[PDB]
Amino acid sequence: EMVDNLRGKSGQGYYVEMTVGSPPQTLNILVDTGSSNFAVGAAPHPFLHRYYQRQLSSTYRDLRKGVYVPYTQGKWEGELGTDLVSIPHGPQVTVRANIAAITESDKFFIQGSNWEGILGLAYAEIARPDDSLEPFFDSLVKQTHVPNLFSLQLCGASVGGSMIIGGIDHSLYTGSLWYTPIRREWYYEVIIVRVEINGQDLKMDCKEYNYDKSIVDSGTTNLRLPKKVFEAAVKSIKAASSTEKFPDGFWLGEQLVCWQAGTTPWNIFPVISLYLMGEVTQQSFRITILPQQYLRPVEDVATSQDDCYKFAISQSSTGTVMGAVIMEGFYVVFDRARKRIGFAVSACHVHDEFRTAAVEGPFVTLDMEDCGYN
Ligand SMILES: CCN1CCN2CCS(=O)(=O)N(C)c3cc(C(=O)N[C@@H](Cc4ccccc4)[C@H](O)CNCc4cccc(OC)c4)cc1c32
């Protein structure tokens with residue numbers, strides 16, 4: 001039914017099948033917890049196989065309002081309207097939703113990605129043009145009896161996974177679910193209270209980890225870190241991996257590292273532990289990230305005598321982003337109803353014979369400081 005209803009290509013987002021208009025036009029839509037607009041290509045573009053044709057939908061209504069959305073990467077502009085929307089491999093309901101018909105774009109659509117639009121699953125507070133444009137999931141919950149919750153199991157060229165709408169599929173994770181509070185309903189903002197690289201605390205004032213916010217974002221590929229944290233992390237990872245020396249360009253994400261097929265030296269790269277604020281005062285839990293996650297494979301037939309990777313941790317000036325490579329191998333529950341995000345080990349979790357991704361707790365901290373930046 002809903003299990004395995006996501007596809008994708010590495011570094012290019014995960015998408016779900018949707019239909020818009022009447023009769024239904026089928027489109028693949030990138031699932032994005034880091035924005036709040038539902039938008040679809042609605043005019044020819046070199047990288048689009050198909051696009052939303054408003055003239056062929058009897059139920060389309062123009063809202064006579066333009067909209068512009070700049071992301072960290074890429075931007076588009078379009079015309080707002082509403083139409084009927086469904087998810088073939090989700091709940092069997094049909095909802096009228098706001099849709100931005102994209103008429104121009106810059107570095108947004110990706111050659112070969114196989115998606116034609118984006119589903120912003122965050123809150124109205126960051127919807128453009130403003131917060132009166134009701135996001136899709138809000139519309140879904142208002143117009144049907146779907147529980148106000150969804151979960152994402154992203155798995156690691158072709159990738160897959162599941163978006164479970166309205167509930168939690170227990171066959172998709174093992175162990176316990178640990179919940180961290182949604183600090184504010186705009187992005188899915190959370191609080192990181194501690195960061196360790198191979199068990200070694202980075203030793204920063206914990207507000208540094210959340211300057212100016214930390215978010216959980218399926219629509220961004222990398223773990224993005226504030227400059228101060230990024231530099232400390234790179235130094236610690238370099239030192240752990242010092243048995244091999246890589247060009248500075250690798251660490252900046254401007255260059256691949258490759259090894260002969262099957263011989264990637266996983267064991268010289270450290271695990272990264274991110275401790276998230278718990279549901280009880282001064283308690284936390286950690287999720288552990290292996291190099292199989294933060295060294296992202298770049299598929300290319302020309303380089304295929306080797307396995308090559310990009311360093312999927314990069315610097316941010318807009319706060320921490322726990323992107324797709326962080327979510328991969330975890331089952332992540334976006335529990336809007338109880339303003340919390342849950343993490344558990346995924347059915348498709350990453351591991352070799354020495355180490356595995358984990359979600360564990362509780363941990364206690366004596367420093368009663370608030371790690372939230374504002
Ligand atoms: C999947 C496409 N992709 C591939 C590569 N990289 C590059 C490395 S990276 O992950 O560090 N990074 C900068 C990158 C950043 C983004 C990126 O901005 N993704 C957006 C969705 C999106 C999906 C497909 C194409 C273009 C954009 C999120 O929505 C942003 N969420 C935070 C945010 C920021 C600013 C405004 C805003 O408004 C709502 C929201 C995407 C990539 C990369």
Side-chain angles (χ1 to χ4, degrees), residues 6-16 27-41 45 47-48 67-78 100 102 105-131 133 135-137 152 154 156-157 159 161 185-190 212-227 229-230 233-234 250-256 293-299 309-328:
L6 305 182
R7 297 186 70 220
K9 312 200 170 180
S10 174
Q12 298 188 11
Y14 292 77
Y15 56 86
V16 68
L27 293 176
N28 285 329
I29 301 304
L30 182 149
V31 182
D32 182 17
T33 63
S35 69
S36 304
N37 284 84
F38 181 35
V40 300
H45 185 282
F47 298 161
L48 292 177
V67 57
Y68 163 70
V69 173
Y71 303 98
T72 305
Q73 160 165 133
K75 60 183 182 169
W76 54 259
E77 67 188 37
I102 301 178
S105 62
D106 185 19
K107 300 188 189 202
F108 176 60
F109 294 118
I110 300 176
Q111 183 161 31
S113 67
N114 252 288
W115 52 261
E116 294 94 36
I118 185 157
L119 176 69
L121 289 169
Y123 301 98
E125 283 78 311
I126 59 175
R128 308 295 196 89
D130 62 47
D131 64 27
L133 193 74
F136 174 82
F137 200 81
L152 290 172
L154 308 184
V159 296
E185 292 161 315
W186 54 331
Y187 297 98
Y188 289 101
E189 181 186 356
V190 299
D212 60 323
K213 61 186 178 284
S214 296
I215 68 170
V216 181
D217 184 355
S218 63
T220 293
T221 300
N222 291 357
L223 170 66
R224 309 190 62 227
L225 296 170
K227 180 174 180 168
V229 184
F230 173 83
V234 169
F250 167 70
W251 299 108
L252 295 176
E254 296 167 359
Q255 192 178 145
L256 304 173
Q293 287 176 257
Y294 67 74
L295 302 181
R296 182 181 65 84
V298 177
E299 272 63 67
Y309 308 85
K310 271 219 172 75
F311 187 53
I313 301 182
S314 53
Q315 177 173 324
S316 172
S317 62
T318 61
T320 290
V321 182
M322 296 169 58
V325 298
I326 297 307
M327 298 179 67
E328 286 166 20

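The figures here come from the full heavy-atom set of this structure, side chains too, leaving out hydrogens, waters and symmetry mates. Starting from 1, each residue takes its place in the sequence as its number. Atoms within a ligand are numbered from 1 in the order they appear, just like the ligands themselves.
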> Of all the non-hydrogen atoms in the protein, which one sits nearest to atom 10 (O) of ligand 1, and at what distance?
Replying inline: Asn222 N, 3.0 Å

> Does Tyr71, backbone or side chain, put an N or O under 3.5 Å from an N or O of ligand 1?
Replying inline: no

> Under 6.0 Å between the ring centres of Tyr123 and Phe137?
Replying inline: no

> Heavy atom under 4.0 Å from ligand 1: found in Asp32's side chain, backbone, both, or neither?
Replying inline: side chain

> Tell me: protein heavy atom nearest atom 6 (N) of ligand 1, and distance?
Replying inline: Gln73 NE2, 3.4 Å

> Under 3.5 Å, N or O to N or O, is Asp217 touching ligand 1 that way?
Replying inline: yes

>> Among all the protein's non-hydrogen atoms, which is closest to atom 36 (C) of ligand 1, and how far away is it?
In response: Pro70 O, 3.4 Å

> Taking non-hydrogen atoms only, is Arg224 closer than 4.0 angstrom to ligand 1 via side chain, backbone, both or neither?
Replying inline: side chain

>> Angle between ring planes, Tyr71 versus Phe108, binned at 30° and 60°: parallel, tilted or perpendicular?
In response: parallel

>> Side chain or backbone, does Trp115 bring an N or O within less than 3.5 Å of an N or O on ligand 1?
In response: no

> Which residue and non-hydrogen atom of the protein lie closest to atom 20 (C) of ligand 1, and at what distance in Å?
Replying inline: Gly219 O, 3.5 Å

> Closest heavy-atom contact between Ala127 and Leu133?
Replying inline: CB-O, 3.7 Å

>> Checking a contact table here: which protein heavy atom is nearest atom 4 (C) of ligand 1, and how many Å away?
In response: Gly11 O, 3.2 Å

>> Tell me the protein heavy atom at minimum distance from atom 34 (C) of ligand 1, and give that distance in Å.
In response: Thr72 OG1, 3.1 Å

> Got the closest protein heavy atom to atom 39 (C) of ligand 1, with its distance?
Replying inline: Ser35 CB, 3.5 Å

> Quick one: does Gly323 get a heavy atom under 4.0 Å from ligand 1?
Replying inline: no

>> Counting only heavy atoms closer than 4.0 Å, does ligand 1 sit against the backbone of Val69, its side chain, both, or neither?
In response: neither

> To the nearest 0.1 Å, how far is atom 40 (C) of ligand 1 from its closest protein heavy atom, and which atom is that?
Replying inline: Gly34 O, 3.3 Å

> Heavy atom of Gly74 under 4.0 Å from ligand 1?
Replying inline: no

